[PDB]
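Only one chain is included here, represented as structure tokens and corresponding to the form solved without the named molecule.
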């Protein structure tokens, strides 16, 4: 488990509230405000989930071996409804629970490059107290191609070798604005931003 995490005392899960003025808080706030300057952050919590971390780090090591000298990991945003937050915190991102996206590049979990995309009410639905929720997520994007609405897994790199797959898909390979992942433990929810208008 990462050495800067708070001691959990044999606990496998906890949320840690970050302090404004710490570099850890301030970098997430800057990443968010770059495209969401009109919203205000209530708090940022570090997600310490031992089991999700273990499974994710195993998948990362495998993709680092398979792809050899690629930047396989991106830090991306995911807006969700309050009713989903307890499940994501404990179990991560389940494609079986994902909605149809307004522009579908496949049936998977969607992650945004820009916080502004995730900040739409359609993804970060305001709760009964006007709080919006967005995860900051380590995503194994690996080698990616433009997706298509029919995909249930990423497409093959070569049609004559149907099982050798891209790691993820995007809307545009030249200027990616979203990524779609189709497998469990390909994304680690690292921070939860609670924010308001």
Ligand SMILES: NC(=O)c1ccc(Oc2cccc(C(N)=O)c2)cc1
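Rigid core (definition): largest C-alpha set, two forms, superposition within 1.5 Å. Numbering follows the first chain given and starts at 1.
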- Query: Would you say residue 99 is missing from a third or more of the other compared entries?
  - Reply: yes
- Query: Looking at the deposited entry, does 46 to 54 or 31 to 39 carry the larger mean Cα B-factor?
  - Reply: 31 to 39
- Taking the deposited Cα B-factors and averaging over 6 to 14 and over 169 to 177, the higher mean is found in 6 to 14
- Residue with highest C-alpha B-factor in the PDB entry, from 118, 104, 71, 89: 71
- Max C-alpha B-factor within the set 145, 141, 129, 62 falls on 129
- Item | Third of chain Cα B-factors occupied by residue 95 | middle
- Task: State the tercile, meaning the lowest, middle or highest third, of residue 66 with respect to the CA B-factors recorded for its chain.
- Result: highest
- Relative C-alpha B-factor of residue 124, binned into the chain's lowest, middle or highest third: middle
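What follows is about the form solved in complex with the named molecule, which we do not show.
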- Is the binding site on this chain open or blocked for the named molecule after its pose in the deposited bound form is superimposed by the nearby C-alphas, counting blocked as 3 or more ligand atoms within 2.4 Å of backbone or C-beta? blocked
- Message: Let me test this: is every residue among 141, 152 and 166 within 4.5 Å of the named molecule in the deposited bound form, going by heavy atom positions?
- Response: no
- Partner contact for residue 181 in the deposited bound form: the named molecule, 4.5 angstroms, heavy atom: no
- Message: Check residue 88 for me: does it contact the named molecule in the deposited bound form (non-hydrogen atoms, 4.5 angstroms)?
- Response: no
- Query: Closest heavy atom of residue 104 to the named molecule in the deposited bound form, within 4.5 Å or not?
  - Reply: yes
- Query: For residue 79, is any heavy atom within 4.5 Å of the named molecule in the deposited bound form, or not?
  - Reply: yes
- Contact set, 110 to 146 vs the named molecule in the deposited bound form - heavy atom within 4.5 angstroms: 110, 111, 112, 117, 118, 123
- Task: Compare C-alpha positions between this form and the one not shown after fitting on the rigid core and state which of 101, 72, 116, 89 moves by at least 2 angstroms.
- Result: 101
- Note on the structure: With a difference of at least 3 Å, the CA distance of residue 99 and residue 77 in the deposited bound form shows the atoms farther
- Query: Out of closer and farther, which fits the Cα atoms of residue 96 and residue 103 in the deposited bound form compared with this form, where the change is 3 Å or more?
  - Reply: closer
